RNA sequence: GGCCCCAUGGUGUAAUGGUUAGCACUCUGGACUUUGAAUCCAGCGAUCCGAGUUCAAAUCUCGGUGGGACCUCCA
Ligand SMILES: CC(=O)SCCNC(=O)CCNC(=O)[C@H](O)C(C)(C)COP(=O)(O)OP(=O)(O)OC[C@H]1O[C@@H](n2cnc3c(N)ncnc32)[C@H](O)[C@@H]1OP(=O)(O)O
Ligand SMILES: C[C@H]1O[C@@H](n2cnc3c(N)ncnc32)[C@H](O)[C@@H]1O
Ligand code: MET
Ligand code: SF4
Ligand SMILES: [Mg+2]
Ligand SMILES: [Mg+2]
Ligand SMILES: [Mg+2]
Ligand SMILES: [Mg+2]
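Chains as they are written, first to last, in the deposited numbering: chain C, 10 to 547; chain A, 1129 to 1152, 1213 to 1230.
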């Protein structure tokens, strides 16, 4: 039978690998796989996961740096776990009578047992459906998969998806957040504060949480509530900078509300990521370029991250009815690629693009995008036109290392200042100028005159993000072929503490952080106050 | 005979490559073989 | 033991002495901070082993090694 032949082939492969390790010579895996499969008479080849899932323990520890699969999953310095909430209705269904004109799925739809703005056939959607929307099971399952691939899960970040999370009853939000923290740490708590304490003392660090919210649910109350949870990032859907579009699609709010929410969130200390949608109705091929030029040149709009979602028409929505009646037509594919190239050429060097298109399966789409690799096609077109993309994602060491083959040689220090949302922003970085390679970054902001938090009033400057890229280095370990634990963090904080005292004129510095970061900043010399890590500068 | 044949083959190949150049690696082996032939003659 | 034929990627198979071997199943990587397994698009991977004849051999002569057809012998 093929099964025992497969097993013997696998065992022989690990035997050769461990022998070669013992006498200490390098070995090529593909040739060994083919040769060993030839002997036992097979019609297939071994899979990497199978070879990983049969190593003895000590050898399992020693020889993972050769059998790892999908090296992109931890090429940015963290491990990402995505979880989903319970199905529910969007808050503006009541006082308007209906929801956005293009959103698919939801509690009242033909997509059975699916969350709003999702179909249920997606990877994460099918993971939570079989788990019946339980945060503990989802976290455990995803961490098990990540460990089975062969990655290190020392540092974790959560992403909470679904509809509007902050519109649910308080008890459910308590349940969800405390279960996430307990799943990481291993405790069995009763409320948020107990879970937060135990997670602070944990060994599997929780770097931060990300939540998606609407501009009318981002006020002082909601911001404070999210501050107690441990959240550090926000996702808001702007979709357009034009006031007529925001009311012809039954969005439910206005652009001025979006700007005010941006101002409050940035003064409180969060990070802002914006969803934008090209090819909206009543928006031609010339208003998109102006839209994005204003987006990146007007101080009221400048965000920290972007998500480009070209418009898709899906069955069971108002836009579907518009499309059937012969009143709405999509762009041609060449025009779409050209537009995306032009848009990507405008992104400033301090902005990071996380995703470039949706992930709806192709057969469910009636019109719109049909391919599945828009980003790389756009990059090739940009190379043809002679322009270049200079965002954050396509300039860091891991991406430059796996897509191209380059390494930093002549690292230098760079600083960029600007004005945004009524505040004076600075962006410090360590990067290689000649090859255009990014290593580590830090964001700093001087608090404006309209801050409401008690801890930040009276002359406080706040640090909003500190990050060093590369592959993941486990805590208290060192790897001379990677970039993390080599002192680029205490160099970036010493400079932030000099700007905040000699230029801002402040007398205190505050940091928003997770929990493992709490221990790190305690090591540096900061103390704890409220949900912040503060330090006197006098 | 060998020298004549290999030299004519080299000339034909060289002319083909030249015509490609104006229009736009057997030559190496032919040159080496001719060198060997001359060496044997010496 | 002689007696006719078969042998190319891990597997099923294509190709005429030229001046450098094409497809399918399998495997690996990226779009992807919504995904080992789905989509799109790229990539790795072969003429068993010896002599050779012809300017030149995966291709034709003769070999060993396995296999297939005939009776074996043999005990
Ligand atoms: C606060 C926030 O918003 S998050 C920080 C970013 N989140 C991440 O963890 C992603 C990647 N982060 C990193 O690169 C690091 O964790 C940073 C940014 C915190 C520090 O970057 P580095 O340049 O690696 O720090 P640096 O080399 O100066 O310090 C190394 C020391 O920090 C320790 N350390 C690193 N991360 C942590 C942590 N989460 N908790 C406790 N100690 C930590 C290391 O063990 C090492 O201590 P030791 O060698 O003396 O034993
Ligand atoms: C989850 C995110 O998906 C985007 N979104 C919602 N509906 C559509 C659609 N029909 N086509 C493309 N993107 C869409 C919105 O930007 C929303 O914020
Ligand atoms: C999941 S859709 C994006 C978050 C929120 N519903 C918004 O429209 O802004
Ligand atoms: S608020 Fe977001 S999730 Fe809700 S209907 Fe509108 S687009 Fe869909
Ligand atoms: Mg075969
Ligand atoms: Mg054949
Ligand atoms: Mg043939
Ligand atoms: Mg694949």
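Backbone N, C-alpha and C define an ideal beta-carbon position, used for all residues, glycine too.
Pick from the options that is closest to residue i, judged by C-alpha positions
i: residue 498 of chain C; options: C/166, C/421, C/475 and C/234; result: C/475
i: residue 356 of chain C; options: C/366, C/303, C/327 and C/407; result: C/303
i: residue 201 of chain C; options: C/44, C/190, C/195 and C/71; result: C/190
i: residue 416 of chain C; options: C/397, C/492, C/225 and C/292; result: C/492
i: residue 367 of chain C; options: C/351, C/338, C/287 and C/313; result: C/287
i: residue 348 of chain C; options: C/360, C/300, C/312 and C/307; result: C/300
i: residue 458 of chain C; options: C/470, C/450 and C/250; result: C/470
i: residue 103 of chain C; options: C/261, C/486 and C/364; result: C/261
i: residue 61 of chain C; options: C/54, C/73, C/150 and C/42; result: C/73
i: residue 85 of chain C; options: C/336, C/363 and C/530; result: C/363
i: residue 14 of chain C; options: C/39, C/440, C/107 and C/49; result: C/49
i: residue 4 of chain C; options: C/420, C/235 and C/515; result: Past the edges of chain C, shown from 10 to 547, lies residue 4 of chain C, and the structure says nothing about it.
i: residue 8 of chain C; options: C/544, C/220 and C/19; result: The question about residue 8 of chain C has no answer here: the residues shown for chain C are numbered 10 through 547.
i: residue 335 of chain C; options: C/76, C/290 and C/58; result: C/290
i: residue 486 of chain C; options: C/126, C/314, C/161 and C/67; result: C/161
i: residue 515 of chain C; options: C/39, C/150 and C/453; result: C/453
i: residue 18 of chain C; options: C/34, C/31 and C/46; result: C/46
i: residue 210 of chain C; options: C/532, C/179, C/229 and C/528; result: C/528
i: residue 541 of chain C; options: C/279, C/146, C/385 and C/305; result: C/279
i: residue 446 of chain C; options: C/398, C/460 and C/426; result: C/398
i: residue 246 of chain C; options: C/229, C/228, C/270 and C/140; result: C/270
i: residue 316 of chain C; options: C/365, C/472, C/274 and C/337; result: C/365
i: residue 467 of chain C; options: C/505, C/517, C/533 and C/436; result: C/517
i: residue 311 of chain C; options: C/358, C/108, C/25 and C/370; result: C/358
i: residue 90 of chain C; options: C/142, C/465 and C/147; result: C/147
i: residue 511 of chain C; options: C/94, C/455 and C/69; result: C/455
i: residue 539 of chain C; options: C/180, C/226, C/138 and C/233; result: C/233
i: residue 295 of chain C; options: C/266, C/333, C/352 and C/426; result: C/352
Buried or exposed (CB count within 10 angstroms, at least 16 for buried), residue i
i: residue 412 of chain C; result: exposed
i: residue 400 of chain C; result: buried
i: residue 170 of chain C; result: buried
i: residue 65 of chain C; result: exposed
i: residue 496 of chain C; result: exposed
i: residue 44 of chain C; result: exposed
i: residue 131 of chain C; result: buried
i: residue 276 of chain C; result: buried
i: residue 441 of chain C; result: buried
i: residue 405 of chain C; result: buried
i: residue 253 of chain C; result: exposed
i: residue 282 of chain C; result: buried
i: residue 443 of chain C; result: exposed
i: residue 462 of chain C; result: buried
i: residue 56 of chain C; result: exposed
i: residue 1149 of chain A; result: exposed
i: residue 122 of chain C; result: exposed
Beta-carbon separation (whole angstroms), residue i vs residue j, contact threshold 8 angstroms
i: residue 116 of chain C; j: residue 101 of chain C; result: Actually they do not touch by this definition, with Cβ atoms about 14 angstroms apart.
i: residue 298 of chain C; j: residue 526 of chain C; result: Wrong, their Cβ atoms sit about 40 angstroms apart, outside the cutoff.
i: residue 284 of chain C; j: residue 248 of chain C; result: 6 angstroms
i: residue 524 of chain C; j: residue 208 of chain C; result: 5 angstroms
i: residue 128 of chain C; j: residue 173 of chain C; result: About 18 angstroms separates the two Cβ atoms, so there is no contact after all.
i: residue 509 of chain C; j: residue 546 of chain C; result: 6 angstroms
i: residue 377 of chain C; j: residue 326 of chain C; result: That belief does not hold up - the Cβ atoms of residue 377 of chain C and residue 326 of chain C are roughly 12 angstroms apart, past 8 angstroms.
i: residue 198 of chain C; j: residue 187 of chain C; result: 6 angstroms
i: residue 42 of chain C; j: residue 22 of chain C; result: 7 angstroms
i: residue 158 of chain C; j: residue 79 of chain C; result: 6 angstroms
i: residue 145 of chain C; j: residue 192 of chain C; result: 5 angstroms
i: residue 387 of chain C; j: residue 322 of chain C; result: About 21 angstroms separates the two Cβ atoms, so there is no contact after all.
Complete alpha helix (DSSP H) runs within the segment 138-164 of chain C (minimum length 4 residues, chain order): 144-158
Any chance you could list the beta strand (DSSP E) runs of at least 3 consecutive residues sitting entirely within the segment 204-264 of chain C, in chain order? 214-221 and 240-248
Unbroken stretches of the beta strand (DSSP E), 3 residues or longer, contained in the segment 356-388 of chain C: 361-364 and 374-376
Which whole runs of the alpha helix (DSSP H) in the segment 449-516 of chain C are 4 residues long or more, in chain order? 497-511
Please list the segments of the alpha helix (DSSP H) lying wholly inside the segment 39-71 of chain C, counting only runs of 4 or more residues, in order along the chain. 57-61 and 66-71
4 or more residues per run - each alpha helix (DSSP H) lying fully within the segment 297-346 of chain C: Runs of the alpha helix (DSSP H) inside the segment 297-346 of chain C: 327-333.
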